[PDB]
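A short write-up of the structure that comes next.
2 protein chains.
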Amino acid sequence: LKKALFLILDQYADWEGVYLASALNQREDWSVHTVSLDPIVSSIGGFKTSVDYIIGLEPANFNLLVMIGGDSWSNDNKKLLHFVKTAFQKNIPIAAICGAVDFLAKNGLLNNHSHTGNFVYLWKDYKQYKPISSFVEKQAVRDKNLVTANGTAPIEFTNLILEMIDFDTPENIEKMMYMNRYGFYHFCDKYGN
Amino acid sequence: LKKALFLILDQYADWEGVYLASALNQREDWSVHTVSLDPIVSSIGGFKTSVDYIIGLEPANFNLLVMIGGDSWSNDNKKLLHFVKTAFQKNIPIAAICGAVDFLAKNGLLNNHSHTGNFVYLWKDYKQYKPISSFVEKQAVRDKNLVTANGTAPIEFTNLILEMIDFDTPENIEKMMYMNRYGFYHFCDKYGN
Numbered sequence: 003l004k005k006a007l008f009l010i011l012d013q014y015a016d017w018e019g020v021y022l023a024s025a026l027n028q029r030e031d032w033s034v035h036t037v038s039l040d041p042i043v044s045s046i047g048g049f050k051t052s053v054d055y056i057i058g059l060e061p062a063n064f065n066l067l068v069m070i071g072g073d074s075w076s077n078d079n080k081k082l083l084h085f086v087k088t089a090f091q092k093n094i095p096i097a098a099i100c101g102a103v104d105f106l107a108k109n110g111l112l113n114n115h116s117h118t119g120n121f122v123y124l125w126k127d128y129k130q131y132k133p134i135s136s137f138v139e140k141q142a143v144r145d146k147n148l149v150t151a152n153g154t155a156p157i158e159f160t161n162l163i164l165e166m167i168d169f170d171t172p173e174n175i176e177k178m179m180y181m182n183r184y185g186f187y188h189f190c191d192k193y194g195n
Numbered sequence: 003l004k005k006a007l008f009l010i011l012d013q014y015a016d017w018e019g020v021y022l023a024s025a026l027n028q029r030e031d032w033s034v035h036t037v038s039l040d041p042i043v044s045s046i047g048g049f050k051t052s053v054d055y056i057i058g059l060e061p062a063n064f065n066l067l068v069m070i071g072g073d074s075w076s077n078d079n080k081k082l083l084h085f086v087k088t089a090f091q092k093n094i095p096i097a098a099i100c101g102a103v104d105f106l107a108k109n110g111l112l113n114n115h116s117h118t119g120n121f122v123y124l125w126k127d128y129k130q131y132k133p134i135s136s137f138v139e140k141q142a143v144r145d146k147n148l149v150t151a152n153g154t155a156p157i158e159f160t161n162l163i164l165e166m167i168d169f170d171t172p173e174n175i176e177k178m179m180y181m182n183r184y185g186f187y188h189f190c191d192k193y194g195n
């Protein structure tokens with residue numbers, strides 16, 4: 003059994019991690035749990051999520067850290083930083099999207115990986131954003147155990163993550179993503195199934 | 003101020019209502035709230051949602067009823083039926099997707115509207131599925147104040163709903179949906195913005 007922790011903060015983007023969460027949690031070998039600084043966080047959409055783990059109470063080791071976006075990432079919280087930074091040290095697969103990446107950039111966590119994000123100009127004055135690898139202008143990017151993406155790439159984000167964690171064969175993940183993006187009828191066209 | 007109630011049951015589809023919920027809730031004139039039979043329901047993805055209203059405790063009148071899919075719609079719950087059926091009587095805009103539509107079909111709520119769903123063969127023995135309007139094989143369908151869709155059409159589902167409720171001009175909703183489906187870079191292509 004493998005564990006995926008979804009780090010969500012208040013006012014988190016509803017649409018960003020839904021494809022990854024369902025794909026993973028439905029597996030017998032994968033478990034999805036949420037972690038936050040608060041026991042209850044609201045999505046931008048108005049949903050209230052009852053968080054599984056409060057930072058400092060989550061399992062020491064898990065297999066995937068998914069940092070979803072939202073409007074609360076300008077956080078100086080030392081507990082939060084330790085939590086994420088520790089995940090990097092343990093070298094566990096990490097995927098960040100939208101606001102989450104702004105957090106990574108500001109705390110010098112993007113300095114050794116190729117990446118992308120919402121808008122690089124927002125980081126121009128981040129004293130800790132000194133990348134060796136330049137910012138890539140694409141929906142999502144993967145470099146070793148780090149996948150980044152802008153808030154408009156839930157599907158691209160999910161695709162690269164499933165690849166990174168060897169979720170399934172490429173000619174299987176491709177189908178799942180096609181179904182997600184184009185729908186049953188277009189899928190039925192290109193696959194019949 | 004207008005209210006949208008999202009009816010979610012246990013093991014609900016994470017990906018189906020995220021675009022509609024965020025689009026609506028961000029508006030000053032719209033509020034999104036969840037309603038269920040239980041105070042806490044899990045999404046297929048592993049998220050636990052703290053429901054706003056338990057059926058029987060939700061506001062008597064609201065502006066939109068969104069019934070999201072999942073694996074718990076084979077429900078004989080009389081409270082649930084009364085709740086939905088009452089919404090139909092008050093003629094409030096209603097949108098159903100995935101499993102939710104199976105519920106509509108079985109309780110004779112699709113007999114006077116054109117519609118679609120996951121698979122019509124599943125309703126072949128429903129004694130209450132006697133439509134005047136035939137089942138349409140498309141991602142999503144709108145007929146007056148009823149929008150239906152299969153589980154693979156979150157975006158189509160959202161598009162028709164925003165249209166039904168006159169959320170904005172078509173040449174505005176079209177852009178929002180393009181952004182949702184194709185991403186920033188493809189959007190920037192076709193609009194520059």
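So the sequences go chain by chain: A and A'. A prime marks a further copy of an entry chain. Quick note, in the authors' numbering, the first sequence goes up one by one and the last residue is 195. Quick note, in the authors' numbering, the second sequence goes up one by one and the last residue is 195. All C-beta atoms in this analysis are idealised placements derived from N, C-alpha and C, irrespective of residue type, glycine included.
Would you check if the distance between the CB atom of residue i and the CB atom of residue j is smaller than 8 Å?
i: A:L82; j: A:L148; result: no
i: A':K92; j: A':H115; result: no
i: A:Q141; j: A':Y180; result: no
i: A:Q13; j: A:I46; result: yes
i: A':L66; j: A':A6; result: yes
i: A':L22; j: A':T160; result: yes
i: A:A102; j: A:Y128; result: no
i: A':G153; j: A':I94; result: no
i: A':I10; j: A':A97; result: no
i: A':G48; j: A:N109; result: no
i: A:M166; j: A:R144; result: yes
i: A:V86; j: A:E60; result: no
i: residue 1 of chain A'; j: A':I70; result: This structure does not reach residue 1 of chain A', given that chain A' is present from 3 up to 195, and the question cannot be answered.
i: A:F90; j: A:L112; result: no
CA-CA distance, residue i and residue j?
i: A:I157; j: A:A62; result: 29 Å
i: A:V20; j: A:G58; result: 25 Å
i: A':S52; j: A':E18; result: 18 Å
i: A':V138; j: A':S76; result: 22 Å
i: A:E176; j: A:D170; result: 10 Å
i: A':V68; j: A:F8; result: 26 Å
i: A':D54; j: A':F64; result: 14 Å
i: A:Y184; j: A:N174; result: 15 Å
i: A:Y123; j: A:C190; result: 42 Å
i: A':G72; j: A:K132; result: 45 Å
i: A:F105; j: A':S135; result: 52 Å
i: A:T118; j: A':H84; result: 49 Å
i: A:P172; j: A':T88; result: 47 Å
i: A:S74; j: A:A155; result: 19 Å
i: A':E30; j: A:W32; result: 39 Å
i: A:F121; j: A':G194; result: 15 Å
i: A:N182; j: A':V43; result: 23 Å
i: A:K126; j: A':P41; result: 45 Å
i: A:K80; j: A:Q130; result: 16 Å
i: A':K50; j: A':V34; result: 17 Å
i: A:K192; j: A':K192; result: 26 Å
From the DSSP output, read off the bridge partner residues of residue i.
i: A':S52; result: A':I42
i: A:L7; result: A:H35 and A:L67
i: A':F137; result: A':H117
i: A':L148; result: A':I96 and A':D145
Please state whether DSSP places residue i in a helix, a strand or coil.
i: A':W32; result: strand
i: A:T160; result: helix
i: A:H115; result: coil
i: A':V143; result: strand
i: A:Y14; result: strand
i: A:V122; result: helix
i: A:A155; result: coil
i: A:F189; result: helix
i: A':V20; result: helix
i: A':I57; result: coil
i: A:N182; result: helix
i: A:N195; result: coil
i: A':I175; result: helix
Check whether the Cβ of residue i lies closer than 7 Å to any heavy atom of the ligand SAH, and answer yes or no.
i: A:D78; result: Ligands are entirely absent from the displayed structure, and the ligand SAH is therefore not among its contents.
Checklist line | Within the segment 59-111 of chain A', ranges of the beta strand (DSSP E) (whole runs, at least 3 residues) | finding: For the segment 59-111 of chain A', the continuous beta strand (DSSP E) assignments of 3+ residues that do not extend past its boundaries occur at 66-69 and 96-99, in sequence order.
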